[PDB]
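Q: Contents are mmCIF, C-alpha atoms and all ligand atoms; file name run13.cif:
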data_coords
#
loop_
_atom_site.label_atom_id
_atom_site.label_comp_id
_atom_site.auth_asym_id
_atom_site.auth_seq_id
_atom_site.Cartn_x
_atom_site.Cartn_y
_atom_site.Cartn_z
CA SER A 1 -20.30 17.13 8.80
CA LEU A 2 -16.93 16.47 7.16
CA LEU A 3 -17.47 19.31 4.69
CA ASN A 4 -17.79 21.81 7.55
CA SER A 5 -14.76 20.39 9.39
CA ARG A 6 -11.11 21.45 9.13
CA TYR A 7 -10.19 18.10 7.50
CA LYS A 8 -10.37 16.52 4.08
CA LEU A 9 -11.35 12.89 3.60
CA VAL A 10 -10.24 12.00 0.07
CA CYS A 11 -11.94 8.84 -1.23
CA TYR A 12 -10.69 6.94 -4.27
CA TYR A 13 -13.34 5.45 -6.57
CA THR A 14 -12.29 2.69 -9.00
CA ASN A 15 -14.07 2.03 -12.28
CA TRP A 16 -12.98 -1.62 -12.38
CA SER A 17 -14.82 -2.52 -9.16
CA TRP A 18 -17.95 -2.73 -11.34
CA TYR A 19 -16.64 -6.03 -12.78
CA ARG A 20 -16.96 -8.08 -9.63
CA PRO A 21 -19.49 -10.82 -8.86
CA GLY A 22 -22.39 -10.68 -6.46
CA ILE A 23 -21.95 -8.39 -3.48
CA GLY A 24 -18.50 -7.36 -4.71
CA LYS A 25 -20.01 -5.27 -7.49
CA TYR A 26 -19.62 -1.54 -6.83
CA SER A 27 -21.25 1.21 -8.94
CA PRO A 28 -21.18 5.04 -8.78
CA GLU A 29 -24.47 5.17 -6.89
CA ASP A 30 -22.97 3.04 -4.09
CA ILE A 31 -20.87 6.06 -3.07
CA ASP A 32 -22.01 7.33 0.33
CA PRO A 33 -21.81 11.16 0.11
CA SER A 34 -21.68 11.61 3.88
CA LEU A 35 -18.29 9.86 4.05
CA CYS A 36 -16.04 11.91 1.72
CA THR A 37 -15.12 15.54 1.12
CA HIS A 38 -13.35 14.73 -2.16
CA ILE A 39 -13.81 11.82 -4.56
CA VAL A 40 -11.00 10.91 -6.96
CA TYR A 41 -11.91 8.81 -9.99
CA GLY A 42 -9.36 6.08 -10.82
CA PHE A 43 -8.22 6.14 -13.54
CA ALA A 44 -7.73 7.88 -16.85
CA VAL A 45 -4.59 6.82 -18.73
CA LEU A 46 -1.94 8.33 -21.01
CA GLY A 47 -2.72 7.54 -24.63
CA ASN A 48 -0.19 6.68 -27.32
CA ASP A 49 -0.60 10.22 -28.70
CA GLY A 50 0.58 11.69 -25.37
CA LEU A 51 -2.90 12.86 -24.32
CA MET A 52 -5.07 11.85 -21.37
CA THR A 53 -7.80 9.41 -22.41
CA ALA A 54 -10.47 7.25 -20.82
CA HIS A 55 -9.28 3.83 -19.68
CA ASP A 56 -12.60 1.98 -20.06
CA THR A 57 -14.90 3.55 -22.65
CA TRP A 58 -17.68 1.03 -21.88
CA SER A 59 -18.00 2.20 -18.27
CA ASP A 60 -16.58 5.73 -18.37
CA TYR A 61 -18.49 6.87 -21.49
CA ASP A 62 -21.10 4.38 -22.71
CA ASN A 63 -22.49 3.78 -19.22
CA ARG A 64 -21.81 7.37 -18.16
CA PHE A 65 -19.58 6.53 -15.16
CA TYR A 66 -17.74 9.88 -15.38
CA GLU A 67 -21.07 11.74 -15.23
CA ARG A 68 -22.42 9.47 -12.50
CA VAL A 69 -19.44 10.19 -10.20
CA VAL A 70 -19.35 13.91 -11.07
CA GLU A 71 -22.98 13.78 -9.82
CA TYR A 72 -21.57 13.99 -6.30
CA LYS A 73 -20.63 17.67 -6.77
CA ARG A 74 -24.30 18.26 -5.95
CA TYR A 75 -23.50 17.41 -2.31
CA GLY A 76 -20.58 19.88 -2.16
CA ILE A 77 -18.01 17.14 -2.72
CA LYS A 78 -15.10 17.99 -5.03
CA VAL A 79 -14.74 15.32 -7.75
CA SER A 80 -11.34 14.94 -9.47
CA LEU A 81 -10.11 12.63 -12.20
CA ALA A 82 -6.90 10.66 -11.52
CA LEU A 83 -4.37 10.00 -14.26
CA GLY A 84 -2.12 6.97 -14.13
CA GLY A 85 -2.13 4.31 -11.44
CA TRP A 86 0.18 1.31 -10.98
CA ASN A 87 -0.71 -0.52 -14.20
CA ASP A 88 -0.41 2.58 -16.42
CA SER A 89 3.00 3.33 -14.87
CA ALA A 90 4.70 0.13 -16.14
CA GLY A 91 6.69 1.64 -18.97
CA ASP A 92 8.49 4.77 -20.13
CA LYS A 93 5.50 6.74 -21.46
CA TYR A 94 5.17 9.21 -18.54
CA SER A 95 8.94 9.74 -18.55
CA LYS A 96 8.82 10.43 -22.30
CA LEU A 97 6.04 12.96 -21.70
CA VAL A 98 7.62 14.90 -18.83
CA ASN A 99 11.07 15.09 -20.47
CA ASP A 100 9.62 16.76 -23.63
CA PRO A 101 8.50 20.40 -23.20
CA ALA A 102 6.50 20.40 -26.46
CA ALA A 103 4.70 17.21 -25.42
CA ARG A 104 3.92 18.68 -22.00
CA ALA A 105 2.50 21.83 -23.59
CA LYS A 106 0.16 19.84 -25.83
CA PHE A 107 -0.85 17.53 -22.97
CA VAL A 108 -1.75 20.36 -20.59
CA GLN A 109 -4.21 22.20 -22.82
CA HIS A 110 -5.96 18.99 -23.85
CA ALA A 111 -6.12 17.73 -20.24
CA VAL A 112 -7.89 20.85 -19.00
CA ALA A 113 -10.39 20.64 -21.88
CA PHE A 114 -11.00 16.98 -20.96
CA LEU A 115 -11.74 17.86 -17.32
CA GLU A 116 -14.11 20.67 -18.33
CA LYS A 117 -15.93 18.47 -20.88
CA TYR A 118 -16.92 15.98 -18.17
CA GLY A 119 -17.38 18.46 -15.31
CA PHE A 120 -14.48 17.38 -13.10
CA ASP A 121 -13.28 19.79 -10.41
CA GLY A 122 -9.61 18.89 -10.79
CA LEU A 123 -6.87 16.50 -11.85
CA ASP A 124 -5.00 14.08 -9.55
CA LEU A 125 -1.60 12.86 -10.80
CA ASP A 126 -0.89 9.20 -9.98
CA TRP A 127 2.35 8.35 -11.82
CA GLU A 128 4.00 5.50 -9.84
CA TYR A 129 6.64 6.96 -9.85
CA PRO A 130 8.86 9.66 -11.41
CA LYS A 131 12.37 8.15 -11.84
CA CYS A 132 11.47 4.95 -9.95
CA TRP A 133 9.07 3.41 -12.46
CA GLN A 134 6.99 0.89 -10.50
CA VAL A 135 9.42 1.47 -7.57
CA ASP A 136 12.51 0.52 -9.62
CA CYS A 137 14.86 3.50 -9.31
CA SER A 138 17.22 1.97 -11.90
CA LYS A 139 14.65 2.40 -14.69
CA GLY A 140 14.14 6.14 -15.15
CA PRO A 141 16.39 9.16 -15.59
CA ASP A 142 16.98 11.67 -12.82
CA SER A 143 15.46 14.30 -15.15
CA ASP A 144 12.04 12.74 -14.41
CA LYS A 145 12.16 14.84 -11.22
CA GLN A 146 12.53 18.19 -12.97
CA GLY A 147 10.19 17.10 -15.75
CA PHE A 148 7.42 16.15 -13.33
CA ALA A 149 7.91 19.42 -11.41
CA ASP A 150 7.57 21.35 -14.67
CA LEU A 151 4.47 19.33 -15.62
CA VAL A 152 2.96 20.24 -12.24
CA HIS A 153 3.80 23.91 -12.79
CA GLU A 154 2.34 23.94 -16.30
CA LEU A 155 -0.85 22.22 -15.16
CA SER A 156 -1.17 24.56 -12.17
CA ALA A 157 -0.78 27.59 -14.44
CA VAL A 158 -3.85 26.55 -16.46
CA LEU A 159 -5.98 24.93 -13.75
CA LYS A 160 -5.63 27.47 -10.95
CA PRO A 161 -7.04 30.50 -12.88
CA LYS A 162 -10.09 28.36 -13.79
CA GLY A 163 -10.62 27.45 -10.14
CA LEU A 164 -9.72 23.81 -10.81
CA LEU A 165 -7.82 21.61 -8.35
CA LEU A 166 -4.49 19.85 -8.82
CA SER A 167 -3.31 17.06 -6.51
CA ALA A 168 -1.00 14.07 -6.59
CA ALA A 169 -0.76 10.65 -4.99
CA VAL A 170 2.83 10.09 -3.93
CA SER A 171 5.22 7.40 -2.67
CA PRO A 172 5.84 6.78 1.05
CA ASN A 173 9.32 5.33 0.35
CA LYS A 174 12.29 7.54 1.33
CA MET A 175 14.39 6.50 -1.70
CA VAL A 176 11.56 7.14 -4.18
CA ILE A 177 10.72 10.47 -2.55
CA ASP A 178 14.37 11.52 -2.79
CA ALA A 179 14.68 10.42 -6.43
CA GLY A 180 11.39 11.50 -7.96
CA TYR A 181 9.98 14.57 -6.24
CA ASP A 182 10.99 18.23 -6.14
CA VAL A 183 9.12 18.53 -2.86
CA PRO A 184 9.11 22.35 -2.46
CA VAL A 185 7.67 22.83 -5.96
CA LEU A 186 4.99 20.20 -5.46
CA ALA A 187 4.15 21.47 -1.98
CA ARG A 188 3.74 25.04 -3.19
CA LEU A 189 1.57 24.28 -6.26
CA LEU A 190 -0.57 21.26 -5.35
CA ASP A 191 -3.81 21.68 -3.43
CA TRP A 192 -3.06 18.45 -1.59
CA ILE A 193 -0.54 15.63 -1.62
CA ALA A 194 -2.09 12.21 -0.91
CA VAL A 195 0.74 10.24 0.66
CA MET A 196 0.25 6.53 -0.08
CA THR A 197 1.19 5.37 3.46
CA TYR A 198 0.52 1.71 2.63
CA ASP A 199 2.00 -1.18 0.67
CA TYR A 200 5.13 -0.93 2.82
CA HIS A 201 5.18 -4.75 2.79
CA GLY A 202 3.79 -7.47 0.55
CA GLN A 203 4.57 -10.77 -1.15
CA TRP A 204 7.54 -9.18 -2.97
CA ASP A 205 9.47 -9.08 0.36
CA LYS A 206 9.49 -12.93 0.55
CA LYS A 207 8.48 -12.69 4.21
CA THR A 208 5.42 -11.53 6.13
CA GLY A 209 4.97 -7.92 7.18
CA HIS A 210 2.30 -5.30 7.70
CA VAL A 211 0.72 -3.47 4.74
CA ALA A 212 0.72 -0.14 6.63
CA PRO A 213 2.60 0.20 9.93
CA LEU A 214 2.11 3.49 11.78
CA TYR A 215 5.26 3.38 13.96
CA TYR A 216 8.65 1.68 13.92
CA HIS A 217 8.71 -1.90 15.21
CA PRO A 218 11.96 -3.25 16.74
CA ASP A 219 12.21 -6.13 14.21
CA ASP A 220 11.92 -3.86 11.14
CA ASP A 221 14.74 -4.08 8.59
CA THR A 222 14.69 -0.28 8.28
CA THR A 223 13.76 2.76 10.29
CA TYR A 224 11.79 4.33 7.44
CA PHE A 225 9.05 1.86 6.37
CA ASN A 226 6.30 3.29 8.57
CA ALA A 227 3.75 6.08 8.23
CA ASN A 228 5.21 8.17 11.05
CA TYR A 229 8.61 8.37 9.34
CA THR A 230 7.06 8.98 5.91
CA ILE A 231 4.78 11.82 6.99
CA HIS A 232 7.52 13.57 8.94
CA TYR A 233 9.87 13.12 5.98
CA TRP A 234 7.47 14.82 3.55
CA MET A 235 7.32 17.71 6.05
CA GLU A 236 11.11 17.78 6.52
CA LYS A 237 11.48 17.98 2.72
CA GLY A 238 9.31 21.14 2.66
CA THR A 239 5.64 20.09 2.70
CA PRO A 240 3.21 22.08 4.91
CA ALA A 241 1.09 19.90 7.18
CA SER A 242 -2.07 21.40 5.67
CA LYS A 243 -1.14 20.01 2.24
CA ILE A 244 -0.77 16.39 3.43
CA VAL A 245 -3.56 13.85 3.45
CA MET A 246 -2.51 10.49 4.92
CA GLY A 247 -3.50 7.35 3.04
CA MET A 248 -5.17 4.44 4.81
CA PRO A 249 -5.75 1.01 3.19
CA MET A 250 -9.21 -0.57 3.05
CA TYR A 251 -7.53 -3.87 2.13
CA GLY A 252 -4.78 -6.21 3.19
CA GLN A 253 -1.66 -7.73 1.71
CA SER A 254 -1.84 -11.52 1.70
CA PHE A 255 0.90 -14.13 1.73
CA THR A 256 1.36 -17.89 1.32
CA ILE A 257 3.65 -18.83 4.19
CA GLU A 258 6.27 -21.54 3.77
CA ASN A 259 5.36 -23.26 7.03
CA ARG A 260 2.00 -23.35 8.82
CA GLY A 261 3.85 -23.97 12.12
CA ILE A 262 5.22 -20.46 12.53
CA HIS A 263 2.93 -17.55 11.77
CA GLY A 264 4.35 -14.26 13.09
CA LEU A 265 5.96 -11.24 11.44
CA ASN A 266 9.00 -11.57 9.16
CA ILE A 267 8.49 -15.32 8.49
CA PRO A 268 9.37 -16.84 5.08
CA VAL A 269 6.80 -16.60 2.31
CA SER A 270 6.64 -18.56 -0.95
CA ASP A 271 4.06 -16.50 -2.89
CA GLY A 272 1.21 -14.07 -2.57
CA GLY A 273 -1.89 -15.30 -0.81
CA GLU A 274 -4.64 -17.11 -2.64
CA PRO A 275 -6.88 -14.63 -4.54
CA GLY A 276 -10.13 -13.56 -2.96
CA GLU A 277 -13.33 -14.60 -4.64
CA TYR A 278 -14.40 -11.00 -5.29
CA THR A 279 -11.18 -9.09 -5.93
CA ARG A 280 -9.43 -11.95 -7.77
CA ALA A 281 -5.84 -10.73 -7.30
CA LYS A 282 -3.14 -12.90 -5.72
CA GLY A 283 -1.59 -11.12 -2.73
CA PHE A 284 -4.56 -8.81 -2.13
CA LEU A 285 -7.78 -9.05 -0.11
CA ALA A 286 -10.49 -6.44 0.41
CA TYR A 287 -11.45 -5.64 3.99
CA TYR A 288 -14.83 -7.31 3.35
CA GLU A 289 -13.00 -10.49 2.31
CA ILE A 290 -10.74 -10.39 5.39
CA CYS A 291 -13.49 -9.74 7.92
CA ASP A 292 -15.52 -12.67 6.55
CA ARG A 293 -12.51 -14.98 6.92
CA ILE A 294 -12.19 -13.92 10.56
CA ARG A 295 -15.91 -13.98 11.38
CA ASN A 296 -16.95 -17.15 9.53
CA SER A 297 -13.82 -19.16 8.60
CA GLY A 298 -11.96 -19.17 11.92
CA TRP A 299 -8.87 -17.19 10.94
CA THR A 300 -6.78 -16.29 13.99
CA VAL A 301 -6.15 -12.56 14.61
CA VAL A 302 -2.98 -11.15 16.21
CA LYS A 303 -3.10 -7.51 17.37
CA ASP A 304 -0.23 -5.26 18.41
CA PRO A 305 -0.90 -4.16 22.02
CA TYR A 306 1.26 -1.04 21.48
CA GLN A 307 -0.74 -0.16 18.33
CA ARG A 308 2.29 0.50 16.15
CA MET A 309 0.50 -1.40 13.39
CA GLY A 310 -2.83 -3.03 12.71
CA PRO A 311 -3.67 -6.73 12.98
CA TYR A 312 -2.68 -9.70 10.95
CA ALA A 313 -4.74 -12.87 10.55
CA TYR A 314 -3.91 -16.39 9.44
CA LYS A 315 -5.25 -19.86 8.75
CA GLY A 316 -3.26 -22.79 7.44
CA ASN A 317 -0.64 -21.40 5.08
CA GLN A 318 -2.54 -18.13 4.40
CA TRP A 319 -1.63 -14.90 6.20
CA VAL A 320 -2.92 -11.32 5.73
CA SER A 321 -2.07 -7.95 7.28
CA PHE A 322 -4.59 -5.12 7.31
CA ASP A 323 -6.10 -2.22 9.24
CA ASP A 324 -9.01 -2.63 11.66
CA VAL A 325 -11.20 0.03 13.28
CA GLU A 326 -8.89 0.21 16.30
CA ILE A 327 -5.74 1.08 14.35
CA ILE A 328 -7.72 3.43 12.08
CA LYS A 329 -8.77 5.45 15.12
CA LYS A 330 -5.12 5.60 16.21
CA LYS A 331 -4.06 6.71 12.72
CA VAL A 332 -6.73 9.44 12.62
CA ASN A 333 -5.67 10.71 16.06
CA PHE A 334 -2.15 10.87 14.56
CA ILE A 335 -3.52 12.93 11.63
CA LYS A 336 -5.17 15.35 14.06
CA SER A 337 -2.12 15.52 16.36
CA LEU A 338 0.08 16.72 13.45
CA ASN A 339 -2.64 19.07 12.09
CA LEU A 340 -2.45 17.35 8.71
CA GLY A 341 -4.84 18.27 5.93
CA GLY A 342 -6.80 15.06 6.51
CA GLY A 343 -7.07 11.45 5.46
CA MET A 344 -7.33 9.47 2.25
CA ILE A 345 -8.63 5.96 1.55
CA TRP A 346 -7.79 3.35 -1.06
CA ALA A 347 -10.56 2.62 -1.92
CA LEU A 348 -14.35 3.00 -1.48
CA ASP A 349 -15.17 -0.42 -2.95
CA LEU A 350 -12.87 -2.36 -0.60
CA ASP A 351 -14.41 -1.42 2.78
CA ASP A 352 -17.43 -3.48 3.93
CA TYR A 353 -19.97 -1.19 2.24
CA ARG A 354 -22.61 -3.97 2.21
CA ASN A 355 -22.29 -4.88 5.92
CA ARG A 356 -21.35 -8.47 5.03
CA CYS A 357 -19.51 -8.65 8.37
CA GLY A 358 -22.23 -7.26 10.64
CA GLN A 359 -20.11 -4.35 11.99
CA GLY A 360 -22.24 -1.81 10.09
CA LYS A 361 -21.94 -0.48 6.55
CA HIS A 362 -18.55 1.05 5.76
CA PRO A 363 -16.99 0.21 9.16
CA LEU A 364 -13.50 1.48 8.31
CA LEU A 365 -14.60 4.65 6.55
CA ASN A 366 -17.16 5.47 9.25
CA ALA A 367 -14.42 5.00 11.87
CA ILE A 368 -12.30 7.58 10.02
CA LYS A 369 -15.18 10.06 9.77
CA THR A 370 -16.14 9.72 13.42
CA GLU A 371 -12.57 10.19 14.62
CA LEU A 372 -11.96 13.19 12.32
CA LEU A 373 -15.12 14.83 13.71
CA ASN A 374 -14.19 14.08 17.33
CA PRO A 375 -12.59 17.25 18.83
CA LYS A 376 -10.51 15.33 21.38
CA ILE A 377 -6.99 14.21 20.44
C1 LIG B 1 3.86 -7.97 -9.60
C2 LIG B 1 4.06 -6.71 -9.32
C3 LIG B 1 2.86 -5.82 -8.90
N1 LIG B 1 3.06 -5.36 -7.53
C4 LIG B 1 2.29 -4.22 -7.01
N2 LIG B 1 1.06 -4.03 -7.40
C5 LIG B 1 0.32 -3.02 -6.96
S1 LIG B 1 -1.42 -2.92 -7.64
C6 LIG B 1 -2.76 -3.22 -6.39
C7 LIG B 1 -4.24 -3.67 -6.83
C8 LIG B 1 -5.23 -2.76 -7.25
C9 LIG B 1 -6.52 -3.20 -7.59
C10 LIG B 1 -6.83 -4.54 -7.50
CL1 LIG B 1 -8.49 -5.12 -7.94
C11 LIG B 1 -5.88 -5.43 -7.07
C12 LIG B 1 -4.58 -4.97 -6.74
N3 LIG B 1 0.85 -2.13 -6.09
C13 LIG B 1 2.14 -2.26 -5.63
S2 LIG B 1 3.17 -1.42 -4.57
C14 LIG B 1 4.60 -2.37 -4.67
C15 LIG B 1 4.29 -3.35 -5.53
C16 LIG B 1 2.90 -3.30 -6.08
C17 LIG B 1 5.34 -4.42 -5.87
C18 LIG B 1 6.79 -4.13 -5.36
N4 LIG B 1 6.99 -2.89 -4.72
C19 LIG B 1 8.05 -2.93 -3.99
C20 LIG B 1 5.94 -2.30 -4.05
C1 LIG B 2 7.92 9.50 14.66
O1 LIG B 2 8.88 10.03 13.74
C2 LIG B 2 9.68 11.09 14.28
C3 LIG B 2 10.55 11.62 13.15
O2 LIG B 2 11.15 10.61 12.36
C4 LIG B 2 10.49 10.54 15.45
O3 LIG B 2 11.28 11.59 16.01
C5 LIG B 2 9.56 9.93 16.50
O4 LIG B 2 10.35 9.27 17.48
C6 LIG B 2 8.63 8.90 15.85
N1 LIG B 2 7.67 8.38 16.82
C7 LIG B 2 7.69 7.13 17.29
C8 LIG B 2 8.82 6.27 16.83
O5 LIG B 2 6.85 6.72 18.08
#
What does this structure look like when you write it as structure tokens?
Ligand SMILES: C=CCNc1nc(SCc2ccc(Cl)cc2)nc2sc3c(c12)C=CN(C)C3
Ligand SMILES: *[C@@H]1O[C@H](CO)[C@@H](O)[C@H](O)[C@H]1NC(C)=O

A:
Amino acid sequence: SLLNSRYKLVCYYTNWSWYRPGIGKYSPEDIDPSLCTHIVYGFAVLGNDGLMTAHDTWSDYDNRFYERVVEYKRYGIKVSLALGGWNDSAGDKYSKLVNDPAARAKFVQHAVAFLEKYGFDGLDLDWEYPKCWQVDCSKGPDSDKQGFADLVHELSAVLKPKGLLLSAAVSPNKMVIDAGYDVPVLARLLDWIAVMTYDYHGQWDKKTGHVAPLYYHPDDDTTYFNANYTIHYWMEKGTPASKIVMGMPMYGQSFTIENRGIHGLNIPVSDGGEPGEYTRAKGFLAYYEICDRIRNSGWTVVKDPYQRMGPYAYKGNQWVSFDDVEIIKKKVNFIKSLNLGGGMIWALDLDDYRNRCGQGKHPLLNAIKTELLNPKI
């Protein structure tokens, strides 16, 4: 059992996965309670009054989604509510909050009351990102760093006496880490830090690359866009291994390549890949969309024999990079080797939970669980 093990497995749940057709629909009762130690509900948002508020009242309240995910506390799972996410991080509103002590003080007391009203065990902070708003370090002031650290302290000071958890999802990018995070403060006060060791590459690069490399590859533009560098950098900056949970993607980054005739890494790209029929987002495909393309549409798979990164797959002018069971096992052995706090997945509804691909239900998440529970390293 994961709950009796020395590791966390932090699973993100997404309310918007309900609005998908056919087998892509995911509801709270699709959560498999044997596969997670912690569930984090994405997302609540920052209202115009500076207070946390539900993003989707129809699902979260009227259809009782908050209650139906908090249900999983009955299995011993800790259920937190996440605030923010990529879309909610587009503007200045989190920066305005954290730079205003009076606004922080109002926010904190209301946020704890909100968590207690719905029965959540904690709050997960998902501002992407302090200073570097949506990765753009030119947008925010340097004082976002101190402001976020003070927000974390003020939340900790209310949550910890009530026995409530406080965590954050954080950037894997050296420049963002340096600009946005007072790492010693966060490492001391947070119960865990979920490092988002994915989205290192995507359509925005204008060339193909892997969503989530584990180790440096000789053709990389930088030495730091890989999970091994990122995790060691969080530790070098002052984070204890026990506080780190390493993110793993249940999806791939897709690309429209300029030329069907070359199809390797670092080749020119004109746009994101064509949207999947279930997830409906250019540049993104769920694992259950990728595995079907490979199994039933003849996409060609290229693996890295040194296992520095997972596979990519292509057909015509479409190309996608993603994690398979093999690289997941390697990544979990890496987690164990460094004695990290555990693993994290984005997100439950993107793995093949329906066994559309015939590899079993939840092939990626089950691979993580099995490797975490395996004593050998
Ligand atoms: C057009 C700009 C938007 N780009 C992005 N979007 C996301 S949201 C993912 C998501 C979630 C749910 C569903 Cl259903 C579909 C997709 N994440 C990231 S990390 C990153 C970018 C980026 C972009 C540049 N950066 C350098 C790095
Ligand atoms: C992992 O990262 C550490 C620290 O940056 C480095 O010393 C080590 O060589 C890396 N492992 C690789 C590249 O296999």

Q: Which residue is closest to ligand LIG 1 (chain B)? Choose from A:137, A:183, A:193, A:327 and count only C-alpha atoms and all ligand atoms.

A: A:137

Q: Using all atoms listed in the file, which of the listed residues (A:112, A:368, A:273, A:79) sits closest to residue A:2?

A: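 Checking each candidate against residue A:2, we get A:368 as the closest.
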
Q: Counting all atoms listed in the file, which of A:220, A:32, A:191, A:128 gets nearest to ligand LIG 1 (chain B)?

A: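 The shortest atom-to-atom distance to ligand LIG 1 (chain B) comes from A:128.
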
Q: Box along x, y and z, 4 Å on every side, all listed atoms of stretch 215-223 of chain A inside: centre and edge lengths in Å to one decimal, as lines of an AutoDock Vina configuration file.

A:
center_x = 10.0
center_y = -1.4
center_z = 12.5
size_x = 17.5
size_y = 17.5
size_z = 16.5

Q: Between A:291, A:189, A:347, A:149, single out the one closest to residue A:99, counting all atoms listed in the file.

A: A:149

Q: Looking at A:35, A:302, A:176, A:309, which one is nearest to residue A:343, with distances taken over all atoms listed in the file?

A: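 Distance minimum relative to residue A:343 lands on A:35.
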
Q: Ranking A:341, A:358, A:310, A:141 by minimum distance to residue A:215 and counting all atoms listed in the file, which one comes first?

A: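 Smallest separation from residue A:215 among the options: A:310.
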
Q: Which residues are near ligand LIG 1 (chain B) in this structure, taking near to mean any atom at most 8 Å from a ligand atom and counting all atoms listed in the file? Format them as a ChimeraX atom specification.

A: /A:16-17,86-87,134-136,199-205,279-281,283-284

Q: What residues of the protein or nucleic acid chains come within 10 Å of ligand LIG 2 (chain B) when you use only C-alpha atoms and all ligand atoms? Reply as a PyMOL selection string.

A: chain A and resi 214-217+223-224+226-233+235-236+308

Q: So the first atom is atom CA of residue A:298 and the second is atom CA of residue A:219; what is the distance between them in Å, to one decimal place?

A: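 Atom CA of residue A:219 lies 27.6 Å from atom CA of residue A:298.
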
Q: Just how far from atom CA of residue A:39 is atom CA of residue A:13, in Å to one decimal?

A: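 The value is 6.7 Å.
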
Q: Find the residues near residue A:329: any atom within 12 Å, counting only C-alpha atoms, skip ones fewer than 6 places away on the same chain, and give them as an MDAnalysis selection string.

A: chainID A and resid 214 248 307 309:310 323 335:336 343 363:374 376:377
